[PDB]
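Worksheet: the structure to be examined is printed underneath.
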Amino acid sequence: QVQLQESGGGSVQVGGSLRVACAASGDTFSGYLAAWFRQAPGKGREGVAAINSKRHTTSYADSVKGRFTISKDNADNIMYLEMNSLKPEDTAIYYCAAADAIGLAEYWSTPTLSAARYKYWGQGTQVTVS
Amino acid sequence: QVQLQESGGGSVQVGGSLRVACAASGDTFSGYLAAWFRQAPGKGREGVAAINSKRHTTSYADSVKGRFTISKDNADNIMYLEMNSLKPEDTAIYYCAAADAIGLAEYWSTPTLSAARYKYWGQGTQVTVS
Amino acid sequence: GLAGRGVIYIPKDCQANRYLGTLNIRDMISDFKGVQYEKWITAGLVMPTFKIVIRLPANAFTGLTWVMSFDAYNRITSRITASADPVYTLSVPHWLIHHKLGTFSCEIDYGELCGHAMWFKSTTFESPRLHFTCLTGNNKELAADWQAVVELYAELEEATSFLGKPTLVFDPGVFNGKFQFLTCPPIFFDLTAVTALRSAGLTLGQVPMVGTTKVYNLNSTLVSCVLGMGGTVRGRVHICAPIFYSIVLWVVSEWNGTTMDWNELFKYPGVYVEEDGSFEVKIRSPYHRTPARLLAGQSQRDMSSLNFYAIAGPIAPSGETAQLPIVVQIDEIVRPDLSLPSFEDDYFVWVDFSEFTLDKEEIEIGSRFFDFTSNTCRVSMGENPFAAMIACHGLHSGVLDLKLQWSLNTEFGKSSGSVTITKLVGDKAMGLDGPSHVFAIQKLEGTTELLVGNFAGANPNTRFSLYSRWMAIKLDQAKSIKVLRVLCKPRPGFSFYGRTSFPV
Amino acid sequence: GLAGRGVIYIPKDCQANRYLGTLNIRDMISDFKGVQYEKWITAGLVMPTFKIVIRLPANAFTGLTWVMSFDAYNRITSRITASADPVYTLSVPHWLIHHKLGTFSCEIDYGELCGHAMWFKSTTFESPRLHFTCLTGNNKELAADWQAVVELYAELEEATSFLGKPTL
Amino acid sequence: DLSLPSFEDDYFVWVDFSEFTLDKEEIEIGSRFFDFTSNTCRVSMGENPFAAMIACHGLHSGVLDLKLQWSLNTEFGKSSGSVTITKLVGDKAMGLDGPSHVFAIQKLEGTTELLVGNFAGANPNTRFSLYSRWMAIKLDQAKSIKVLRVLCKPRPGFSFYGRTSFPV
Amino acid sequence: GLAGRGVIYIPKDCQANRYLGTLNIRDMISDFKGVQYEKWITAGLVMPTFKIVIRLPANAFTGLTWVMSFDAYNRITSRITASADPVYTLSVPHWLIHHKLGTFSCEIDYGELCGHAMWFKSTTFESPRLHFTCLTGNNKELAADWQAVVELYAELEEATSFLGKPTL
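Protein chains in written order, with the authors' numbering: chain A, 1 to 130; chain B, 1 to 130; chain C, 1 to 504; chain D, 1 to 168; chain E, 337 to 504; chain F, 1 to 168.
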């Protein structure tokens, strides 16, 4: 139903921008509401930005605005995380996870950041800075 | 109506677990709501955990959670206090005391810890640590 | 009065669920220039009652059937172009045309279906369109590709108002036990098995879904009001089969599970059906009712379900490897004993704002019911069936009362500022500054009133802005409020124009 | 008043004179425990008039027909198991069921056919049995093996005498 | 010649939550009348004769109104948070999110309504769960509330099916 | 319309408060296969009014009496197995049967007692059961152990709703 393959993480200087690889489609839809996720040592699964793609609604995480962005290419039609500037503490590996059971209460609302809702989980790409 | 005999108290190292002896049945029921009790020098009869056994409802004392437990064996069908870990201050001798006049207001509620309700009182077993 | 004409091209071997192309009435009346096209200029806007007449040859040896789905709005046009599942095209008002019969013609009232009379010079709302699909296909290939002509006979007299009758006026008890356009995906009996059991789920109101994206249709939301349903459903079977396929099948209701051996099974009340003709079956429940929805830890067969057994199998002549489809449609439920309605006349939660990250914040509602798009605070919405009737129907009108509910994150003695609502006519570039309220946040509750509509009389779901009253919530000091809610009860006068489904 | 039920298994390519299996009313009323089975205990011995209803799908392109032969006695049961000729199964009171028609149901009076009301606890005379055979078969093979259910609707009221009217 | 009835049409206390030891706490009632089993706070119940007619009889049905009563342990000027009640149809895995109320704990009183029953029409004492409306009390900041009570008057339409005794 | 049958075994010297064994209507209508058992399949769920008829010999020199306690629910089934006190078995709707009199038969309306019509295929709520006990016993021992048959005569017509009239 859903395949995911990702790369593009690595060390960088402060003020740096790491693009994340386009989420691999699987099973010919790739239209599901999908949110990135972070970790901290001892602290699991804090959410990060997401998009409700079909309504063109953006959602961002608390503690971050403007230095993480999430957008969808109109031609490629495949979501990817964008990071334009970076604070020192991005310790975790990011995760890409999507939910495809959206109803009517998850549609006009802001995209949720809760971890328990998203049923498709994948490894994701390692990012850090010195 | 009710006989009680108990042993199993003694000095131990910190982080220690003392099982308390199965409450002696008397007069062929041993089904009454029964609560343990503690003392302090100068301070009398503070309550400790209890079970409403027939509904499988547990009640714990304030100031303690998880380091005292109270459970009933399904096969033995006789309550006994269990202590899995211990803080230094258990100074008192514990008391076993049961009440058999339970009504409808003491049944669906949490088991009470008040000392004045329990009419069957016994000596109990001496426990302390260095 | 003939106006408009179209063709559809059917390939030689039609498939089940394959897309047979669409056509829109705007093109047919404009392209086919005629008496009625130019009589439709002088009349202004018309509300026509016209009968589509589809002309196809009557041939009984291929056992085809086609579903004609009429969508006034382009919700499903993008979905249906490839591998059109039954639920997309059966959740819209639709008519089945049977290949055994010929020259199928059934009227449509564009007043009762779509509710709003239509313009000529251009399209204000997307054109009323018709989608055709093979609901089930031929057993074997045809000789060569063929064709069908579709005609629509109309009479055009001027329309007095932009609004017909409202299709339904919302009230707490809204379900009378009568259904329009409720049909199910084709059940398929294979030929090889000596006996066969098939099961239809009888718990209506579970928002049928393909597997990935749900679909809201009006029959599901209309059943979701009550808590469980009565007995004695009545529906008719249509056997889409060639003339040489034959089957006879026994229909019963089962809770929870099937008796394995048959001499216990025939004792139950049930109907035998060997032809295309109605059945009437009464719903068997331990509690005399069926819940009509499912809980979090539950399956769909655990509840009541109506079951089709093949006592004498589907027989076949020498050459057929293709399965035999059965389609059922429920016209009515009879002898209804309905349980308590879910929601009383008390209010229902509508939208809730929380996690304000930026102070001195406003939120704009307007005349629209939904689609707030607050970018500095998170928003949430209700699952309730009323907000479902807003998404199913095309146009909705009325006035709905409000309340505000909020609580304080800071200390009550450190509190300051207000929560105001501002009420204008037109957007604040120009306006008349009507009744507005400034509540201090020390009060903790407020109540007001809102109108959803226009000057035209009704506001649809996909957004445009037509001159009407405009309401905005303005927060003086935002961080104070931890959570805000607003719950709304519609005044008795309310309406829903049009009928549709919302694929989400 | 439904009592008793049975099935018969028809192979995909039926043959002319092939044997399609038998079934006896004693087994169907005993096995299918019901209202009439135990109403047949209190009544003692009964002389039922009951209509067999055979449920098969109506299909006109195979041109099958089946003969139902009703023998109260086991004279022909041993003869008919292999290559059942027409004369064995057409010399007993019999009913033709046509595959073109469907849901063939024709009553039987067990008073005029067999003359003697029947017991319950065991069988004094051998049980009334029904034999089915294809009298003529399909031109070509079917798609796959199929089935038919046979039902018998009865009403049981007590029998006054062991003997009905004499047949002749 | 009977004397005055003990209780008038005024409300009667139903359940009272106290000694909250863990914050951001919820309590689930549901459609059932009793058997709350709150593990992070102590609960108490009424002796009243109505809750006795619930235990004697087998099935009970109806709708009963509510009130909330609470007081504050902390200083009133240090107060914060809310006490909400959440009202659904079915359990929160799926649901329609019906009428729910968020009261700030600075208000100190609230009133709502509850249904005891099912789709089947009545709910018995020993627990099962049948599809019906589901009410849960959620406390944003728990330590603030010293004692909470809820007292309920049943609407005139009420019923008790069956007759039994409860040995406790 | 006879459906269901059971026996109870009374020891030679009955004692006051001794337990004489129980029996449930679900077992008697299922085990005793009959007209009404299978008429209870087609009807779905029924609300029967049926008269228990207990057949015991009339003898006036032992002065026995037995209490029949009818519990729709298994509250007291666990309590009563040993030394059944009067209060457990007299707090449920009960009928006294006197040994001086004979063939005690008094109807029960399962609509007014239990209020809810009952299913067949399995039990949603625990089966309606009957407990018998000697309320007071013989002065001296009997000659030898004896027996009593209990019968229940019923008529089964379909029940319209899951709920009868409310008792109060």
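Virtual Cβ for every residue (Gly too), placed ideally from N, Cα, C.
Query raised in the report: If you count every other CB in all the chains shown that lies within 10 Å of the CB of D/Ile41, and 16 or more means buried, which is it?
Result: Residue numbering aside, residue 41 of chain D sits at position 41 when the fourth sequence is read from its first letter. Exposed is the call here.
Requested in this report: Taking the CB atoms as reference points, tell me whether C/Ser501 and C/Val92 lie closer together than 8 Å.
Outcome: Position 501 of the third sequence, counted from the first residue, corresponds to residue 501 of chain C. Position 92 of the third sequence, counted from the first residue, corresponds to residue 92 of chain C. Yes, the pair counts as a contact, with Cβ atoms nearer than the cut-off.
Requested in this report: For the stretch 12 to 43 of chain F, enumerate the residues whose C-beta is nearer than 7 Å to any C-beta of chain D, in chain order.
Outcome: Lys33, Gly34, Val35, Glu38, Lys39
Report task. Enumerate, from N- to C-terminal direction, the unbroken beta strand (DSSP E) stretches of 3 or more residues contained entirely within the stretch 59 to 137 of chain F. Result -> 65 to 71, 94 to 98, 105 to 109, 129 to 136
Query raised in the report: With which residues is A/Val64 paired in a DSSP beta bridge?
Result: Residue 64 of chain A sits at position 64 when you count from the first residue of the first sequence. Looking at the DSSP assignment, A/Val64 forms no beta bridge with any residue, so it has no partner.
Report task. With 8 Å as the threshold, decide whether the Cβ of residue 322 of chain E is near any Cβ in chain B. Result -> Shown here, chain E extends from 337 to 504; a query on residue 322 of chain E therefore has no answer.
Query raised in the report: Under 7 Å from any heavy atom of the ligand MG, does the C-beta of C/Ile326 make it?
Result: This structure lacks the ligand MG; in fact it carries no ligand of any kind.
Query raised in the report: Applying a beta-carbon distance threshold of less than 7 Å, which residues of chain E neighbour residue 515 of chain C?
Result: Residue 515 of chain C is absent from the structure shown; chain C starts at 1 and stops at 504.
Report task. Spell out the partners DSSP gives E/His393 in its beta bridges. Result -> Translated into the one-based positions of the fifth sequence, residue 393 of chain E becomes position 57. According to DSSP, E/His393 bridges with nothing at all.
**Report entry** Interface partners of B/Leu33 on chain E, CB under 9 Å
**Finding:** For the purposes of this step, residue 33 of chain B is taken as residue 33 along the second sequence, with counting starting at 1. At a C-beta separation below 9 Å, B/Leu33 has no neighbours in chain E, since its nearest C-beta there lies roughly 11 Å away.
Requested in this report: Use the C-beta contact count for F/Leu168: other C-beta atoms within 10 angstroms, 16 or more gives buried, fewer gives exposed.
Outcome: Start at 1 with the first residue of the sixth sequence, and residue 168 of chain F comes out as number 168. With fewer than 16 other Cβ atoms within 10 Å, it is exposed.
**Report entry** D/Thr42 - containing alpha helix (DSSP H), residue span
**Finding:** Position 42 of the fourth sequence, counted from the first residue, corresponds to residue 42 of chain D. For D/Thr42, the enclosing alpha helix (DSSP H) has its first and last residue at 35 to 42.
Query raised in the report: C/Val223 by DSSP, collapsed to three states: which one?
Result: As a position in the third sequence, residue 223 of chain C is number 223, starting the count at 1. Looking at C/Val223 - three-state DSSP - the assignment turns out to be helix.
Query raised in the report: Just by C-beta distance, which residues in the stretch 338 to 351 of chain C are closer than 9 Å to chain E?
Result: For chain E, the residues of the stretch 338 to 351 of chain C that bring a beta carbon within less than 9 Å of one of its beta carbons are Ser339, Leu340, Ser342, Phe343, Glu344, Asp346, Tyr347, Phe348, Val349, in chain order.
Query raised in the report: Taking 8 Å as the CB-CB limit, is F/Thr81 close to chain E?
Result: On the sixth sequence, position 81 is the one that residue 81 of chain F refers to. Among the CB atoms of chain E, none fall inside 8 Å of the CB of F/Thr81.
Query raised in the report: Closest Cβ-Cβ distance between A/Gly103 and chain C: below 8 Å?
Result: As a first step, residue 103 of chain A must be located in the first sequence, where it is residue number 103. True, the Cβ-Cβ gap to chain C drops below 8 Å.
**Report entry** One or two residues paired with C/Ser495 in a DSSP bridge
**Finding:** Position 495 of the third sequence holds residue 495 of chain C. Per the DSSP secondary-structure output, C/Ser495 pairs in a beta bridge with C/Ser397.
Query raised in the report: Considering D/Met28, what are the terminal residues of the alpha helix (DSSP H) in which it resides?
Result: The residue labelled residue 28 of chain D in the question sits at position 28 within the fourth sequence. Residues 25 to 31.
Query raised in the report: On the three-state DSSP scale, how would you describe C/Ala296?
Result: Position 296 of the third sequence, counted from the start, is the residue given in the question as residue 296 of chain C. It is coil, neither helix nor strand.
**Report entry** Three-state secondary structure assigned by DSSP to C/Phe502
**Finding:** Taking the third sequence and counting its residues from 1, one reaches residue 502 of chain C at position 502. In this structure, C/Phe502 counts as strand in the three-state DSSP scheme.
**Report entry** Short CB-CB distance (under 8 Å) between F/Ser127 and chain C
**Finding:** What you label residue 127 of chain F is simply residue 127 of the sixth sequence in a count that begins at 1. Chain C, which has no Cβ nearer than 8 Å to the Cβ of F/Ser127, makes this no.
Query raised in the report: Would you say D/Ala148 reaches chain C, if we count a Cβ-Cβ gap shorter than 8 Å as a contact?
Result: Indexing the fourth sequence from 1 puts residue 148 of chain D at position 148. Yes, contact with chain C.
Query raised in the report: Are the beta-carbon atoms of C/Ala472 and C/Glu361 separated by less than 8 Å?
Result: As a working mapping, residue 472 of chain C is identified with position 472 in the third sequence. As a working mapping, residue 361 of chain C is identified with position 361 in the third sequence. It is not a contact, given that the beta carbons lie outside the stated cut-off.
Requested in this report: Check the Cβ-Cβ distances between E/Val486 and every residue of chain B, and say whether any is below 8 Å.
Outcome: Taking the first residue of the fifth sequence as 1, we reach residue 486 of chain E at position 150. Answer no: the Cβ-Cβ gap between E/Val486 and chain B never drops below 8 Å.
Query raised in the report: When burial is assigned at 16 or more other CB atoms within 10 Å of the CB, is E/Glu355 buried or exposed?
Result: In the fifth sequence, residue 355 of chain E corresponds to position 19, counting from 1. The residue is exposed, with fewer than 16 neighbouring Cβ atoms inside 10 Å.
Report task. Identify whether C/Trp262 lies in helix, strand or coil by the three-state DSSP scheme. Result -> Within the third sequence, residue 262 of chain C is the residue found at index 262, counting from 1. If DSSP states are grouped into helix, strand and coil, C/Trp262 belongs with the helices.
**Report entry** Range covered by the beta strand (DSSP E) that runs through E/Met430
**Finding:** Sequence index remark: in the fifth sequence, residue 430 of chain E carries index 94 (1-based). Here E/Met430 belongs to no beta strand (DSSP E), and DSSP marks it neither H nor E.
Query - Among E/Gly498, E/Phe496, E/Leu487, E/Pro503, nearest to E/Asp345 - alpha-carbon criterion - result: Numbered from 1 along the fifth sequence, position 9 holds the residue referred to as residue 345 of chain E. The candidate whose alpha carbon is nearest that of E/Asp345 is E/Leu487.
Requested in this report: Within 10 angstroms of the Cβ of C/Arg499, are there 16 or more other Cβ atoms? Answer buried if so, exposed if not.
Outcome: Working through the third sequence from its first residue, we reach residue 499 of chain C at position 499. Burial call: buried.
Query raised in the report: For residue 505 of chain E, which residues from the same chain have a beta carbon less than 6 Å from its beta carbon, with the 5 sequence-adjacent residues on both sides left out?
Result: Lying before the first or after the last residue shown, residue 505 of chain E is absent from chain E, which here runs from 337 to 504.
Query raised in the report: How many Å lie between C/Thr420 and C/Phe439 at the Cα?
Result: Against the third sequence, residue 420 of chain C aligns to sequence position 420. Against the third sequence, residue 439 of chain C aligns to sequence position 439. Spanning the two alpha carbons is a distance of roughly 6 Å.
Query - Boundaries (first-last residue) of the beta strand (DSSP E) holding B/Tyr95 - result: Taking the second sequence and counting its residues from 1, the one referred to as residue 95 of chain B is at position 95. Its beta strand (DSSP E) spans residues 95 to 99.
Report task. List the endpoints of the continuous beta strand (DSSP E) containing D/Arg55. Result -> Within the fourth sequence, numbered from 1, the residue matching residue 55 of chain D stands at position 55. Start and end: 49 to 55.
Query raised in the report: Would you say E/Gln442 reaches chain C, if we count a Cβ-Cβ gap shorter than 8 Å as a contact?
Result: By one-based count along the fifth sequence, residue 442 of chain E stands at place 106. Yes - at least one Cβ of chain C is within 8 Å of the one on E/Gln442.
Query - Closer than 7 Å at the beta carbon, the chain A residues around C/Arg378 - result: The sequence position of residue 378 of chain C within the third sequence is 378, counting from 1. Chain-ordered, the chain A residues with CB closer than 7 Å to the CB of C/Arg378 read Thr110.
Query raised in the report: Where do the N-terminal and C-terminal ends of the beta strand (DSSP E) with C/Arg368 fall, by residue?
Result: As a working note, residue 368 of chain C is residue 368 in the third sequence. Here C/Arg368 belongs to no beta strand (DSSP E), and DSSP marks it neither H nor E.
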